[PDB]
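Chains as they are written, first to last, in the authors' numbering: chain S, 51 to 200; chain E, 151 to 250; chain L, 51 to 150; chain V, 451 to 499; chain G, 1001 to 1034; chain X, 551 to 673, 679 to 950; chain H, 751 to 800; chain P, 701 to 750; chain Z, 251 to 400; chain C, 301 to 350. These notes are about the structure you will find just below.
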């Protein structure tokens, strides 16, 4: 629920400023969007070891981790040494149709993602959907009736 | 010295520190920090405490996420979607002076 | 001070979920004993750089520690290589029992 | 010798060109070793007047 | 198709002309540069 | 003739091959609800399975995600074709379908749609203006407009110059009166949480779901957070136990803002793409923009990125090495022919082999790609092999 | 800590860049041991004991 | 179920046993929320002290 | 939540609708115009593309039996099959070239006994080129195969 | 190589300095490296001549 402006000015810069001292760094492009998901991508000089390059970048992320907002830390702040183009998209579908769209997302998100995300040769696993998360839909009219606040 | 030291820390240390082959860089100075110089006498006269200033400054200078107006999941039949902007970082010396 | 379930369902699951992208991960096994102890043992393919394996697995944990409870963070979580065997176990004893 | 100098072609595209030169040069090397090992031996006892 | 066209054209002109021209240079160089 | 054909041949990196899968991108104007995108994406899905039933096997329409930036007003549709053998002829190749699709999508009035074939590698010019002085996003945006608008003054040297960042969209700014909150006895943290929790999901705790840990989100029901006037419903408890509405201690005003801020090398920036002139090579376009960027507002620099950056390193190493190859072969030939003169008889034959490659290369627009360089560097060998196979006996 | 050594509180945006906000006592009021007797702390009753 | 089958193939399997400990009796304490708030005692206090 | 005066109890059920749902509803995935989900997989830098694809397919095949009724897997977008077929398309030319060269060789030499000599050396070199390729570490690819067709 | 890269980087940001700001290199060891190598290579050339 973060406006594109704040993520630029409270998450991106904080991580970006501490991002120095890396070796074989060509350029460091980054962007923050409306949905509230900063994505800083660093392209190292050709030929370097990506195995350690990920270590150097993350080690300098630790100096910036505490400064980030408490909500962002609680979320899954992750660093992946993966390319930016999908190798292959594996889709799950219900032939019978007895499961709504969100239901199918949970099964792939609850069982498939963990196993696939560890398979050797996989850097990042983007999921089209979202795992079940118990949503507490509030009713402001009802909350005001009982004199409650979120 | 304060003014010039800011610019090098503001717009050159980062670029230089990322150049290939350059390790850690030590900056002989420091970037601007919006110093809040306090007077113990003034707090006494107005009956305030420094822990009050930090609490006040930490509140009126807060940038908070405010969700998306009409954000997902929407009610069927919606034709508008925009972010909501709450309080924001202050950006000038006089702006902080407006803090109550 | 925790039971078996409160550790597996609050520490092991949180740590296991965020352990992804490791290089040459062969199979991950973990047991959540009673007395509030968890040991998530990760085994890699033969011949891999043990130093690189340990740093990566810990680093992914370092990005998952905030999700763990407050007590676990204070108590700290270690990352120890396991396959290595002890050269010796120097034992220290008290011959009179005066000091426990 | 026509292909070897490009093998040092650098840059991101350097690997692309670099692989082609080595395999072609390696192919020639194996083509002259075999042509001086198998072909001479084969041409005797195989080719008949 | 990219590689084939590059060399298919080259090879065709490399034999319908080389055999006619290679002899020309050999005598020319040995007569003018020797 | 070899020299004339060589120069006229355009320079390119690698042909865009028919990989059997193209990604169709769908975007909507500012503030387009997720419902609208699903409406258009159905048209793309409907079009592919009706007009291209003979070619496309399956379509995977993803709404709410895209490369230009995740959001509600963006959409992508992964598309895979039938087997290559199942698409006889050239009219059914990837390049053909996309041209038909993009032209066929000109009738999608509200949305902008264009299906682009996946590039050679996993990952034209990628030019980026950088606000290295601190002008601000709004100041840079107009500067971007000026350069891009001025880029239309050179259509003969630049083509399809476009921005890559989402344009500014309305934002519903809400400001909290500090003095009013204290008088009403409402803590600022309380105001921020209720506003930041109801209208935006706030992670709270974790729970056990069929043996798995999953997040529990607290967020306002769909219908109560849909219009600006709904802010008047969210009463917030004061310290003294009273309830007060948002309108009593706050004001709202529509204002413009950017939904996707981009940064480069630690400085604000946005990305502009495009092709390099009609038919000409990519190298020419790079220099002209530098001249265009020369006259720009103070503090607005530029730097290259993506594939264009690669061209700035090892830009013209090809001509340098061929000189070495011609020199080395000359030395080696003289070594075996016992003369500094005979080796010419097998060097002046090189054009006879190269001309055939160039003549056929331009006969089908091979555009001097990487696959041509190997073609040129091997036909030269074939010509050398042929000549060496003729002069050797003559000697 | 805030009065003498300064206490970093949070960030602020300047020229589009993030910079720290520091609360610290003025130079002349934190420079001698005598100055320690000028700092008051608000009790529950707000008597500002030194 | 699976282990019970392995015990019926002595010629092929031997000493097939579990590795982890079996179930153990546990002491369950139910902190009724209704009475906790009625008595005016914070739930976190009950958890913290316990 | 609270026990207000008069002894009435207000439960979360009475102030908020509760229903399992995705963490975020931003992304909706549809396959062939019907509900579906999937995983976007990005290749880790340095990992072989085909090997990752084979490993992923095996992992998914290790999970198919346990799926709930009506749930099916689909590969709506996969670049790897192109690479596999593309390389196995060049090999067709490489084998085709040897046959064509041998056929031409027979026509000129006019002797099958002599025409058999060239067709033994060429396979030895081409197969040998793979052995030396392994020594240099090069991976059999489109250009390396083109580095033998020519 | 770093020194040239740094010098190149400074030249990039030089046009955008505020009025009156100037860049000075008070302390650098690279000039010694260049002259030292140039002095040595000259000696090597002189060695051949001698």
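The beta-carbon is built from N, C-alpha and C at its ideal position, and this holds for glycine as well.
Counting contacts by CB-CB distance shorter than 9 Å, is residue 64(S) in contact with chain H?
yes
Rounded to a whole number of angstroms, what is the C-alpha to C-alpha distance between residue 717(X) and residue 61(L)?
Rounded to the nearest angstrom, the two C-alpha atoms are 49 Å apart.
Same chain, Cβ closer than 6 Å to residue 79(S), neighbours up to 5 away in sequence not counted
91
Measure from the C-beta of residue 120(L) to each C-beta in chain X and report whether the shortest distance is under 9 Å.
No, residue 120(L) does not count as interfacial toward chain X.
Supposed contact pair residue 583(X) and residue 224(E) - C-beta distance, whole angstroms, cut 8 Å:
6 Å
Determine the burial state of residue 178(E): buried for a count of at least 16 other Cβ atoms within 10 Å of its Cβ, exposed for fewer.
For residue 178(E), the number of other beta carbons within 10 angstroms of its own is below 16, and it is reported as exposed.
Compare the Cα-Cα distances from residue 762(X) to each of 51(L), 53(L) and 63(L) and report the closest residue.
63(L)
Measure how close the beta-carbons of residue 567(X) and residue 670(X) come, nearest whole angstrom, since I'm counting them as under 8 Å.
7 Å
Which term fits residue 699(X), buried or exposed, when burial requires 16 or more other beta carbons within 10 angstroms of its beta carbon?
So residue 699(X) counts as buried.
Quick one: what's got a C-beta closer than 7 Å to residue 673(X)'s C-beta in the same chain, skipping five residues either side?
Around residue 673(X): no qualifying Cβ.
Roughly how many whole angstroms lie between the Cα atoms of residue 743(P) and residue 264(Z)?
21 Å
Going by DSSP in three states, residue 253(Z) sits in which element: helix, strand or coil?
strand
Rounded distance between the beta-carbons of residue 276(Z) and residue 205(E), thought under 8 Å
A Cβ-Cβ separation of about 36 Å leaves residue 205(E) out of contact with residue 276(Z) under the 8 Å criterion.
Please name the residue or residues paired with residue 272(Z) in a DSSP beta bridge.
182(S)
Express the C-alpha separation of residue 186(S) and residue 772(X) in angstroms, rounding to a whole number.
6 Å
When the Cα atoms are used, what is the spatial distance from residue 169(E) to residue 114(S)?
20 Å
Quick one: give me the first and last residue of the alpha helix (DSSP H) that residue 747(P) is part of.
743 to 749
Residue 396(Z) versus 306(Z), 325(Z), 387(Z) and 345(Z), residue with shortest Cα-Cα distance
345(Z)
What residues from chain E crowd round residue 837(X), counting only those whose CB sits closer than 7 Å?
Per Cβ cutoff of 7 Å: no residues; residue 837(X) is ~25 Å from chain E at best.
With distance defined between alpha-carbon atoms, name the residue in 1026(G), 1034(G) and 1030(G) nearest to residue 946(X).
1026(G)
Residue 606(X) and residue 599(X) look like a contact to me (Cβ under 8 Å); what is the Cβ gap, rounded to whole Å?
7 Å
Quick one: give me the first and last residue of the beta strand (DSSP E) that residue 715(X) is part of.
714 to 718
Under 9 Å between C-beta atoms, does residue 54(L) make it to chain S?
No, residue 54(L) does not count as interfacial toward chain S.
What does residue 811(X) pair with, by DSSP beta-bridge criteria?
725(X)
C-alpha distance - residue 588(X) paired with residue 613(X), whole-angstrom precision
6 Å
Start-to-end residues for the beta strand (DSSP E) that takes in residue 334(C):
Looking at the DSSP string, residue 334(C) is not in any beta strand (DSSP E); the run it does join, the alpha helix (DSSP H), is 330 to 349.
Pick from 368(Z), 259(Z), 308(Z) and 305(Z): whose alpha carbon is nearest that of residue 493(V)?
The closest CA to that of residue 493(V), considering only 368(Z), 259(Z), 308(Z) and 305(Z), is found on 368(Z).
Going by C-alpha distance, which of 696(X), 711(X), 640(X) and 796(X) is nearest residue 719(X)?
Measuring from the Cα of residue 719(X), the nearest candidate turns out to be 696(X).
To which residues does DSSP link residue 760(H) through a beta bridge?
In DSSP, residue 760(H) forms a bridge with 771(H).
Using a threshold of 9 Å, state whether the C-beta atoms of residue 833(X) and residue 633(X) are closer than that.
Between residue 833(X) and residue 633(X), the CB-CB gap reaches or exceeds 9 Å.
Exposed or buried, which one is residue 795(X) when buried takes at least 16 other CB atoms within 10 Å?
exposed
If we ignore side chains and look at the alpha-carbon of each, how far apart do residue 678(X) and residue 770(X) end up?
Along chain X, the last residue before the gap is 673 and the first after it is 679, so residue 678(X) carries no coordinates.
Contacts that residue 59(L) makes with chain S (C-beta to C-beta distance below 7 Å)
Within chain S, no residue comes near residue 59(L); the closest Cβ sits about 15 Å away, beyond 7 Å.
Residue range of the alpha helix (DSSP H) that includes residue 378(Z)
For residue 378(Z), the enclosing alpha helix (DSSP H) begins and ends at 368 to 386.
With 9 Å set as the bound, which would you pick, yes or no: does the beta-carbon of residue 144(S) sit closer than that to a beta-carbon of chain X?
no
Nearest to residue 768(X) by alpha carbon, out of 95(S), 184(S), 89(S) and 96(S)?
For the residues 95(S), 184(S), 89(S) and 96(S), the minimum Cα distance to residue 768(X) belongs to 184(S).
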